[PDB]
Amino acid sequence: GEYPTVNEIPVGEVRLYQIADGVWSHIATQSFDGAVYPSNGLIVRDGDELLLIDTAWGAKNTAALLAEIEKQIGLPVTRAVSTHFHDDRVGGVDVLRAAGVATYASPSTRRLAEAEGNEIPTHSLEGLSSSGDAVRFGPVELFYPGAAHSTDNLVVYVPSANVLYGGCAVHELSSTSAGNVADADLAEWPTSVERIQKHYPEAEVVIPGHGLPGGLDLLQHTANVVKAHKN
């Protein structure tokens, strides 16, 4: 019942967590540079199909994700969106693509993934290139808030449930640092978070890219930890 944490999930196993009717997060763990990290994605019911947001950070984790979805939900994943180019978002796209899932990302994300040597979603999402842009994609809205954790980061809103999936632009409340900032724009990040706050004032659940969901306070907390990391 509690939201599952990094030491509770062996690398290679995937958990699902019911967020709202027709909305789950997925949680998996992965090793990177000799440390183990949890990470989140989203699953949104789309009639008798499912929309997936982000991989489970790796090929075997993503295969395990598909198996867990089949076990717990039993509807086919037909489309996936990756919310930026890092491996916790796109690692596993090749698995998805071999399992019949149509994979999508912005053109920015696709370029960055290619240049990084990461797996590359098949389809480009136009209409998201300027901050404040929004497009519909099945049962969600995709929103580009501006550069933050990465220049390409997208956020996802589930209007039926008022669920805001911030991805790696949003940190959990326990965070003390701004995470992996190698590709971040620390100066623009608080402005991008303000755009999220202004666009989604009715959000009831906010899900970070890593760690525990909460409410709207995750947004201000994120701005705070980013400003303090820069400063």
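Note that the rigid core is defined as the largest set of C-alphas that superpose within 1.5 Å between two forms. Start at 1 and count along the sequence shown; that's the residue number.
The segment moving more, judged by mean Cα distance from this form in 9 other deposited structures of this protein after a core overlay, is 7-15 among 7-15 and 212-220. Stretch comparison (150-158 versus 96-104) by mean CA B-factor in the PDB entry places 96-104 on top. Looking at 171-179 and 65-73 together, the entry lists the larger mean B-factor for 171-179, computed on C-alpha atoms. Remark: of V90, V135, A115, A80, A115 shows the highest value [criterion: C-alpha B-factor in the PDB entry]. Comparing C-alpha B-factors across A184, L50, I27, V163 in the deposited entry, the largest value falls on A184. Per the PDB record, residue ranking by Cα B-factor puts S131 in the highest third of the chain. Among the modelled residues of its chain, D33 has a C-alpha B-factor that falls in the middle third according to the deposited record. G58: CA B factor in the middle third of modelled residues in this chain (values from the PDB entry). The PDB entry assigns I196 a C-alpha temperature factor belonging to the middle third of its chain's modelled residues. Ranked by C-alpha B-factor against the other modelled residues of its chain, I207 falls in the lowest third.
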